[PDB]
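> Protein chains in written order, with the deposited numbering: chain C, 52 to 317; chain A, 53 to 317; chain D, 51 to 317; chain B, 52 to 317.
Below is a structure I'd like to ask you about.
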Amino acid sequence: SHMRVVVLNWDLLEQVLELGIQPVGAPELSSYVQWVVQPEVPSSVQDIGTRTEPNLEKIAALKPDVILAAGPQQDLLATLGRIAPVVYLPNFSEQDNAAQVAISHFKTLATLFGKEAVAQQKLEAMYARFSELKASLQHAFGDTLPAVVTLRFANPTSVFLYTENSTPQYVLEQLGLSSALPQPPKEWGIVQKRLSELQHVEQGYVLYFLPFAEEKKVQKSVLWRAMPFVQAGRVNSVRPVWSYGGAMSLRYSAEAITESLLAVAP
Amino acid sequence: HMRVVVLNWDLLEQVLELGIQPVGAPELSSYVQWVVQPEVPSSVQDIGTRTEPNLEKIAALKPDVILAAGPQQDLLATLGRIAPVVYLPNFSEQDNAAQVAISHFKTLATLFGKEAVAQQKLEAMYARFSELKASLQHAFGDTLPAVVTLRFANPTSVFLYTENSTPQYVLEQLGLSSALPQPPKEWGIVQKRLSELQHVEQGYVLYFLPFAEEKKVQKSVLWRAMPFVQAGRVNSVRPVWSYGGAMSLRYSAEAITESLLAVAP
Amino acid sequence: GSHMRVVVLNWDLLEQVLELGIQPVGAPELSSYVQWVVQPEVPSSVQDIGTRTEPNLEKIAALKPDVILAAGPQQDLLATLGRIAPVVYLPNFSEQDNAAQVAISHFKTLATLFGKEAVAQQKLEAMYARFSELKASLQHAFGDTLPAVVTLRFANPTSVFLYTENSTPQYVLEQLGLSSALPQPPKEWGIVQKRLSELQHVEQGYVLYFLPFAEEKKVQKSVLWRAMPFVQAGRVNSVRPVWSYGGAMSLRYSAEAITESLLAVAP
Amino acid sequence: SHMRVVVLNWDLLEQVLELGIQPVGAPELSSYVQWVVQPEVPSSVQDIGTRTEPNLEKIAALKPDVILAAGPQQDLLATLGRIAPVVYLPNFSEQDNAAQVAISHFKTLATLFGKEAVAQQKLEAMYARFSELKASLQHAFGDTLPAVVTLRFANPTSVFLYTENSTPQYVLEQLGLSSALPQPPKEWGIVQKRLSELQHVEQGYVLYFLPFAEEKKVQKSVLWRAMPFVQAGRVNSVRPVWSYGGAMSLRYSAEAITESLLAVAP
Numbered sequence: 052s053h054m055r056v057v058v059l060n061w062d063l064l065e066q067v068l069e070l071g072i073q074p075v076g077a078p079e080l081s082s083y084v085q086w087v088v089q090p091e092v093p094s095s096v097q098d099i100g101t102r103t104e105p106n107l108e109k110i111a112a113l114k115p116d117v118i119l120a121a122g123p124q125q126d127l128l129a130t131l132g133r134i135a136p137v138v139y140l141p142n143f144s145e146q147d148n149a150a151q152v153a154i155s156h157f158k159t160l161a162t163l164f165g166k167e168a169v170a171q172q173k174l175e176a177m178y179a180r181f182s183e184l185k186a187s188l189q190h191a192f193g194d195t196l197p198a199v200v201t202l203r204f205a206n207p208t209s210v211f212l213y214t215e216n217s218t219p220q221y222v223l224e225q226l227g228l229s230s231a232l233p234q235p236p237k238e239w240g241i242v243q244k245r246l247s248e249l250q251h252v253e254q255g256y257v258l259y260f261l262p263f264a265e266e267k268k269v270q271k272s273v274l275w276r277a278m279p280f281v282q283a284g285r286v287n288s289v290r291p292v293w294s295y296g297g298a299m300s301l302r303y304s305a306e307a308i309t310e311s312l313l314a315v316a317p
Numbered sequence: 053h054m055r056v057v058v059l060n061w062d063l064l065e066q067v068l069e070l071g072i073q074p075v076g077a078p079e080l081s082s083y084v085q086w087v088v089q090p091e092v093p094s095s096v097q098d099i100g101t102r103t104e105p106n107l108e109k110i111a112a113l114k115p116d117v118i119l120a121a122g123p124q125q126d127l128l129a130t131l132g133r134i135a136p137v138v139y140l141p142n143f144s145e146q147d148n149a150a151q152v153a154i155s156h157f158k159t160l161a162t163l164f165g166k167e168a169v170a171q172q173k174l175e176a177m178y179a180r181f182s183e184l185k186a187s188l189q190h191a192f193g194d195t196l197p198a199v200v201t202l203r204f205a206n207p208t209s210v211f212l213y214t215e216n217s218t219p220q221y222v223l224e225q226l227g228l229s230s231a232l233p234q235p236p237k238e239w240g241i242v243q244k245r246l247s248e249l250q251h252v253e254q255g256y257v258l259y260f261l262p263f264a265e266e267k268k269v270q271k272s273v274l275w276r277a278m279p280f281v282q283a284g285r286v287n288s289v290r291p292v293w294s295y296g297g298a299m300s301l302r303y304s305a306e307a308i309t310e311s312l313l314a315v316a317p
Numbered sequence: 051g052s053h054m055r056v057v058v059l060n061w062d063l064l065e066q067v068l069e070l071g072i073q074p075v076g077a078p079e080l081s082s083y084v085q086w087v088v089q090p091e092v093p094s095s096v097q098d099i100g101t102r103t104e105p106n107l108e109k110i111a112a113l114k115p116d117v118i119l120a121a122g123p124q125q126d127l128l129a130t131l132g133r134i135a136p137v138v139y140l141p142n143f144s145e146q147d148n149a150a151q152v153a154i155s156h157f158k159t160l161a162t163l164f165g166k167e168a169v170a171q172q173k174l175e176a177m178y179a180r181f182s183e184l185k186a187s188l189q190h191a192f193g194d195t196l197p198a199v200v201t202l203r204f205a206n207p208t209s210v211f212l213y214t215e216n217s218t219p220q221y222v223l224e225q226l227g228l229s230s231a232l233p234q235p236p237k238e239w240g241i242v243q244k245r246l247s248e249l250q251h252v253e254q255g256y257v258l259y260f261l262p263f264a265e266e267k268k269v270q271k272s273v274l275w276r277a278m279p280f281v282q283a284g285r286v287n288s289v290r291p292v293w294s295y296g297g298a299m300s301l302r303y304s305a306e307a308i309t310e311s312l313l314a315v316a317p
Numbered sequence: 052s053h054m055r056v057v058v059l060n061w062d063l064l065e066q067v068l069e070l071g072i073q074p075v076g077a078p079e080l081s082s083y084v085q086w087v088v089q090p091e092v093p094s095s096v097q098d099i100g101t102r103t104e105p106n107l108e109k110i111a112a113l114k115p116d117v118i119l120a121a122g123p124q125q126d127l128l129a130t131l132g133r134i135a136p137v138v139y140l141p142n143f144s145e146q147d148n149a150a151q152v153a154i155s156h157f158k159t160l161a162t163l164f165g166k167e168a169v170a171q172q173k174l175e176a177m178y179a180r181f182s183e184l185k186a187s188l189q190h191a192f193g194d195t196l197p198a199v200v201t202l203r204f205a206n207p208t209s210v211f212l213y214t215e216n217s218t219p220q221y222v223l224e225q226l227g228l229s230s231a232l233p234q235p236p237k238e239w240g241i242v243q244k245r246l247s248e249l250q251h252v253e254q255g256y257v258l259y260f261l262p263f264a265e266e267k268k269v270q271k272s273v274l275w276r277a278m279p280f281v282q283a284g285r286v287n288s289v290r291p292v293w294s295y296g297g298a299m300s301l302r303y304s305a306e307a308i309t310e311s312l313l314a315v316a317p
C-alpha cells in the first residue's frame, strides 16, 4: 500500500520510483541527477545521506515503515533494524547476472507494494522496446551488427570495462550487438584495465558512459588520439545512464546505447 | 570413488583422463564442440558454465571435493563452504601452460591415487610425440617447416599463440619451427589483425576448429591474397582445446601433425 | 661443478648472479652499487673490477675468471673479453625489449647455466605471489579504482626521467593493477627525458620518484615543484632505492618499494 | 637442464655433440659430413645457414635458449643477443694454443650444460688413447719416432702448413712425433706457403688432410712427384679430421694421423 519507504541505494531508488511508489528518503539526491538521471526523483524525497554512510539520525526522523537496502548496505542491516524493518535486496555480485537480478527484484518489490500490475506493464514494454532498437540497429548496419565495447573511465589512464554479468552486457545482447572485448564476471560487472590496453581494439566500436569530469583531458591526450577506434571514428559518448541500476535501467541504457551507436554509423 | 565436481574444462579433462568420473562439470554442451577429445560421460551433470558456475546445483550434488582453476579463483572462498576445494591454476603470463598442465595432472593423480595410470599415459604421450616427429620428417624433413598456430577471432582478427602457450610447446616437441613467435601473455594468446599474416611468406599456417565464420574467411577478399594461402601451405586442425590439460598436449600434437601431413609436398 | 669463477660487468647481471646464490670474483662499481641498487647486498669477497662502461681488462684477467658475464653496455668489448675467458652476453634494455620479462628470462637462463634452477623457480614463485599480495593491499586502502601512478627518476632539478611502457617500473605498476598516469611509448632503458614542467598536468594522479637523488631537498623547496598539483594534494612520495634497470628480483624489491611508498600518502 | 642450443661454428658443434648435447640448429650440415664427419650430426638438427653468415630468421624461429658463437661470428654477437643469450667461445688466435683452448672450452661448455662427468671421462680416455697410439707408433718406427709435416692443400701450387699453435701440431707432440717443418704461431694455426717450399723437407714425413678435390691433379703433377718425401715413399693421406674442431678433435686427428703414418712405414 502507501507505506513510508526509505531506500539506501540508487538501484532501489529507481525500482521503487518506477513502480509508482514515492519514497520519503533516498541517498545522494544531488549526485543522482548527474549519474543516474533517468528516473527523476520527486521534490518530496529528502536526502538521507550517502549509500555507504547513511544518516541514521535523519532516516529515523522520517518515520519509515520499511528500509530498502542493497549490496553496499549489507553491514548495516542489523543497525538499520533498530529503526525500522529492513528489506534487503542485494545485487551485482560475481555470481549475480545483475540485469536478471534487477528484474527479479523489480517483480518482488512490486508484489510487496501492491504495484504488481504496473510492473508487468513496464517490463513487457521494455522487452518490446529492446527489439525496437535492435530492428533500428540492423537497419543502419546491415543484419550483421558490429561488436561493441562499453566502458567507464576510471582515471585519465585507466578504464572500467564491463564484464559478461554486467547490465551493459545484457543490453548489448538484447540489441543483437557483439562483445568486442569480453570479460569474465566480476563484482559490479566491471574490470579495471589500463587505457593503453585499448590500443589493440582495432575492430569494434567503443562507447563510454557519461558523466566523466576529465573527458577533455583524456581526449587531449596523445594516447587517446592514437587509439584505432578514435581515428577510425568508431567511438562515441553514451548519455548518462546508471550502469548499476534497476529493471528500467536496462531500458534506459538500451535507448542510450542505441542512440549513441546509431550515430557514428557508416 | 570420491564425488568430484570440476569447474573448468582443463581439470575436467585431467580428472577424466585419470579414469575418474566427476558428478559435475561446466558447459557440457559447449564441451563437445571445442575440446571434444576426452569425451565427457553421460553420467556427469552440467553444473553451469565455467566462468559462472551454479552453486545451488553443485551443493545439490553433495561433492566431497571441488576442483577449481584460474577463472574460479574469486569463488574459492564460497566453494569451501560447500566442499573442500582443490585450486589448480594455470595459463597465466608466467605459467608455461604445458608443464603446469602436466604437473597438475601428476598432482591430481596422487591425490586420487591414480598415480600409475597417469605415468602410463605420460610415457605414451612422450613416445607419441617422437612418433609424430618421425612421420613429419618422412614427409617434410629433415628440415621441418616453420608453423603458425592460431584461432580466428573474427574474419579480420586472429589469436596467435605465444611462447608460453601449449601449441608453442607442441610445435617444439614435433621439431617444428615457430614461424611467428610471440612474447608470453595470459592464456598464451595475442589478438592480431589478419593483415599481420601478409609477411609470413615462407612457412605453414594452421587454425584450430571450430570456427563459425570459416566459410566466410576462406573465400574472403583479404585471406585469399595471403602468401601461405596461395602457396597452399594452410590447413584446418581438428577441434583440440588449446587451453586444456596434460593429454591436451597429445591430442593437439596428433591433431596438428595429421592436419599438417596433408598439404605437404 | 658450478663452483665457478664468475666476473659480471653490469649491475643487473650482478644482481641476477647474487640472487641465484652465485658469488662472483669481480663486479663493477661496488662502491656506487650500495647507493643505487642496494637491495642484493654485494659480498665482501667480490672485487671491484672498474666501471660498467669502462671495465679494467687488466684486473678482470688477473682474477682468472672461468666465465665473464657481459650485458648491453659492454657489447663493444665482447670480442676482446673472449680472449680472457668465455663470455656470456645478456642484453636487456633496447626499445623493443620488455625489460622485466627478459630479465626473468635471463634469470632463468643464468640459473640453468649455473645449475641453480631450483632456487630460481623458488624465487620467481615467491615474487609472483608477493605481487598479488601487494596488489591486494593496494585495492585495500584505495577504492575499487586503483590509482594512477607516475614513476620517474630525477635527472636534474628541472628535468625528469619518465618510465615508458616497456620499462621495469611500468611492469611493476601493471602487476599491481595500477595505471600509468603518464604513459610513454617504449624507449631504450625504458626512459624518456621530460622537462619538470611535464608534471604540471598530472593533477589527480600520484607521482613517485626513485632514490637516491642528491638534490631532492633542493627540488622540494623549489618554486615549481611546490606548485605541482600532486604535491599540494599530498599525493607524492619517495621510493626507497631500487634499481630500475636490474634483474628479475629487482621487480620484487621495486614492487614492495613502490607499494610501501604508495600505501603512505593514501586516503 | 635440457636447453635449446644453437651452435654457429663447427668446433662448437662438435664440443656440444660430444657432451651428449643435441643442438636444434647448426651451420653447414651438408659440408660438415664432408670435412668434420667424425662427430656425426643427428638427423633432427636443422641447417641454420653457413658459418660467418648464419640465417637469423631461422635461428630465431628455432626459439633457442642459447646461441654458441665462436671467432668468425664475433661481429654478430650484438645481433645474436637480441635473439637469445649468447655464449661466446673464441679460439684459434695467434695467442691461443688452439688445443688447450679447445679443451678448456670443452670443460666450460660441460660445466654450463651439466654434462660435466661425460667430459672428464672422454678427455681422460683421449689422453690414454694418445699413449696407445704412441706405443703402436713406436712398435713400427724403432721407438725413435720420425719427424712429420702436417698440411692441407690450398691449391695445386700452394699449401697450408700448420704452425706451432695449431691443433695437428699438438697431436704430433702427444704422439711423440717430431716437427719436420715447424712454423711460428699464426691465426688458425696455419701458414700459406708455395708447394715448391716442400722441396726442402727431405728426410721426413708429409701428411695432408682430406678432402681435396684436386688430389689426383697434384698426385700426377710433375712437381709433387719430384718431392723427396714422395720418392722416398714417406707421404700419405690422412682421413678427414677437422683441424679446427674441439677437444675430441684432438683424439680423432691422433688416430687419423697414426693410422695414416702406420702406413708408409718401413
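We put the beta carbon where it would ideally sit given N, CA and C, even for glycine.
1. Nearest by alpha-carbon distance to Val-58/A: which of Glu-69/A, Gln-73/A, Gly-71/A, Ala-77/A is it?
2. With distances taken between CB atoms, is the gap from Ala-135/D to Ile-154/D smaller than 8 Å?
3. I want to see whether chain D comes within less than 8 Å of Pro-141/A, judged by CB atoms only; does it?
4. Between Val-210/B, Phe-260/B, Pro-105/B, which has its C-alpha nearest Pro-291/B's C-alpha?
5. Kindly indicate which residue of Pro-90/D, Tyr-83/D, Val-88/D has the alpha-carbon position closest to the one of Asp-98/D.
6. For the segment 60-72 of chain A against the segment 164-171 of chain A, are there 3 or more C-beta pairs whose distance is under 8 Å?
7. Would you kindly check if the distance between the Cβ of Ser-187/D and the Cβ of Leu-313/D is under 8 Å?
8. Skipping 5 residues on each side, what residues in its chain have a beta carbon closer than 7 Å to that of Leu-184/A?
9. For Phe-204/A, which residues does DSSP report across the bridge?
10. What are the residues that DSSP puts in a beta bridge with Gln-243/A?
11. Go ahead and pull the three-state DSSP assignment for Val-75/A.
12. Just checking: is the beta-carbon of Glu-215/D within a distance shorter than 8 Å of some beta-carbon in chain C?
13. Under 8 Å Cβ to Cβ from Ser-81/D, same chain only, skipping five residues before and after it: list those, please.
14. Could you give the distance in angstroms between the alpha-carbon of residue 6/A and the alpha-carbon of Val-56/D?
15. Of all the CB atoms in chain B, is at least one closer than 8 Å to the CB of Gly-227/A?
16. Can you tell which of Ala-205/C, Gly-255/C, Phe-263/C has the C-alpha that lies nearest to the C-alpha of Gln-243/C?
17. Could you tell me whether the segment 193-207 of chain C touches the segment 226-235 of chain C, using the rule of 3 or more Cβ pairs below 8 Å?
18. Hey, out of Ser-311/D, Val-88/D, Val-152/D, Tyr-139/D, whose CA is closest to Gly-297/D's CA?
19. Mind checking who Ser-230/C pairs with in its DSSP beta bridge?
20. Leaving aside the five residues before and after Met-177/D along the sequence, list all residues of the same chain whose C-beta is less than 6 Å from its C-beta, in chain order.
21. Which residues in the same chain have their Cβ closer than 6 Å to the Cβ of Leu-202/A, if we skip the five residues on either side of it in sequence?
22. Which of the residues in the segment 230-248 of chain C, read from start to end, lie with their CB under 7 Å from any CB of chain A?
23. Measuring straight from C-alpha to C-alpha, what distance separates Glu-266/A and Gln-234/C?
24. Would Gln-151/D count as contacting chain A if we go by Cβ distances under 8 Å?
25. Can you tell which of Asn-60/D, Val-92/D, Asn-106/D has the C-alpha that lies nearest to the C-alpha of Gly-122/D?
26. Could you compute how far the alpha carbon of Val-252/C sits from the alpha carbon of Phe-280/C?
27. Considering only the alpha carbon of each residue, which of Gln-125/D, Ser-94/D, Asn-148/D, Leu-113/D lies closest to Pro-219/D?
28. List, in chain order, every chain C residue whose beta-carbon is nearer than 7 Å to that of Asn-206/A.
29. Do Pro-105/D and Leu-127/D count as a contact pair if the criterion is CB distance below 8 Å?
30. In whole angstroms, what separates the C-alpha of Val-67/D from that of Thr-159/D?
31. Using a beta-carbon distance cut-off of less than 7 Å, what residues from the segment 121-132 of chain D approach chain B?
Well, looking at it:
1. For this step, residue 58/A is matched to residue 6 along the second sequence. Minimum Cα distance to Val-58/A is reached at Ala-77/A.
2. For this step, residue 135/D is matched to residue 85 along the third sequence. For this step, residue 154/D is matched to residue 104 along the third sequence. Against a cut-off of 8 Å, the Cβ pair of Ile-154/D and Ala-135/D comes out as no contact.
3. Within the second sequence, numbered from 1, the residue matching residue 141/A stands at position 89. With respect to chain D, the C-beta atom of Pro-141/A has no partner C-beta closer than 8 Å.
4. As a first step, residue 291/B must be located in the fourth sequence, where it is residue number 240. Of the candidates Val-210/B, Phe-260/B, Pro-105/B, the one whose C-alpha sits nearest the C-alpha of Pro-291/B is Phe-260/B.
5. Position 48 of the third sequence, counting from 1, holds the residue named residue 98/D. Closest option to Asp-98/D, Cα to Cα, is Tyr-83/D.
6. Three or more beta-carbon pairs drawn from the segment 60-72 of chain A and the segment 164-171 of chain A are found closer than 8 Å, and the two stretches are therefore classed as touching.
7. Taking the first residue of the third sequence as position 1, residue 313/D is located at position 263. Taking the first residue of the third sequence as position 1, residue 187/D is located at position 137. Cβ atoms of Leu-313/D and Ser-187/D: closer than 8 Å.
8. The residue you call residue 184/A lines up with position 132 of the second sequence. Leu-226, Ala-305, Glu-306, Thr-309, listed in sequence order.
9. Start at 1 with the first residue of the second sequence, and residue 204/A comes out as number 152. Paired residues: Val-210/A.
10. Translated into positions along the second sequence, residue 243/A becomes position 191. Per DSSP, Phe-211/A.
11. As a working note, residue 75/A is residue 23 in the second sequence. When DSSP states are grouped into helix, strand and coil, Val-75/A belongs to the coil group.
12. Start at 1 with the first residue of the third sequence, and residue 215/D comes out as number 165. True, the Cβ-Cβ gap to chain C drops below 8 Å.
13. Within the third sequence, the letter at position 31 stands for residue 81/D. Within its own chain, the residues whose Cβ lies closer than 8 Å to the Cβ of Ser-81/D, once the five positions on either side in sequence are excluded, are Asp-98, listed in chain order.
14. Here chain A has residues from 53 to 317 only, and residue 6/A is not among them.
15. Against the second sequence, residue 227/A aligns to sequence position 175. Chain B, which has a Cβ nearer than 8 Å to the Cβ of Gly-227/A, makes this yes.
16. Locating residue 243/C in the first sequence gives position 192, counting from the first residue. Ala-205/C is the residue among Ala-205/C, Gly-255/C, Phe-263/C whose C-alpha sits nearest the C-alpha of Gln-243/C.
17. Touching, per the Cβ criterion.
18. Position 247 of the third sequence holds residue 297/D. Just measuring C-alpha positions, the residue of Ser-311/D, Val-88/D, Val-152/D, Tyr-139/D sitting nearest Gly-297/D is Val-152/D.
19. Position 179 of the first sequence, counted from the start, is the residue given in the question as residue 230/C. Partner(s): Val-199/C.
20. Taking the third sequence and counting its residues from 1, one reaches residue 177/D at position 127. Taking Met-177/D as the centre and dropping the five residues before and after it, the same chain places the C-beta of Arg-302 closer than 6 Å to its C-beta, in chain order.
21. Residue 202/A sits at position 150 when you count from the first residue of the second sequence. Excluding the 5 residues flanking it on each side, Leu-202/A has same chain C-beta neighbours closer than 6 Å at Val-210, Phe-211, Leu-212, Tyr-259, in chain order.
22. Closer than 7 Å at the C-beta level to chain A, one finds these residues of the segment 230-248 of chain C: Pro-235, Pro-236.
23. Start at 1 with the first residue of the second sequence, and residue 266/A comes out as number 214. Start at 1 with the first residue of the first sequence, and residue 234/C comes out as number 183. Straight across, the Cα-Cα distance linking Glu-266/A with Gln-234/C is about 24 Å.
24. Walking along the third sequence from the start, residue 151/D turns up at place 101. For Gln-151/D, the answer is yes, since a Cβ of chain A falls inside 8 Å of its Cβ.
25. Translated into the one-based positions of the third sequence, residue 122/D becomes position 72. Cα-wise, what sits closest to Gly-122/D is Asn-60/D.
26. Sequence index remark: in the first sequence, residue 252/C carries index 201 (1-based). Sequence index remark: in the first sequence, residue 280/C carries index 229 (1-based). If you take the alpha carbons of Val-252/C and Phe-280/C, they lie about 7 Å apart.
27. Position 169 of the third sequence, counted from the start, is the residue given in the question as residue 219/D. Of the listed residues, the one whose Cα sits closest to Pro-219/D is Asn-148/D.
28. As a first step, residue 206/A is located in the second sequence; it is residue number 154 there, counting from the start. The contacting residues are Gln-254.
29. On the third sequence, position 77 is the one that residue 127/D refers to. On the third sequence, position 55 is the one that residue 105/D refers to. Yes, the Cβ-Cβ distance between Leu-127/D and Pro-105/D is below 8 Å.
30. Reading the third sequence from its first residue, position 17 is the one you call residue 67/D. Reading the third sequence from its first residue, position 109 is the one you call residue 159/D. As the crow flies, the alpha-carbon of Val-67/D is around 11 Å from that of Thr-159/D.
31. From the segment 121-132 of chain D, only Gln-125, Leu-128, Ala-129, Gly-132 have a Cβ closer than 7 Å to chain B.
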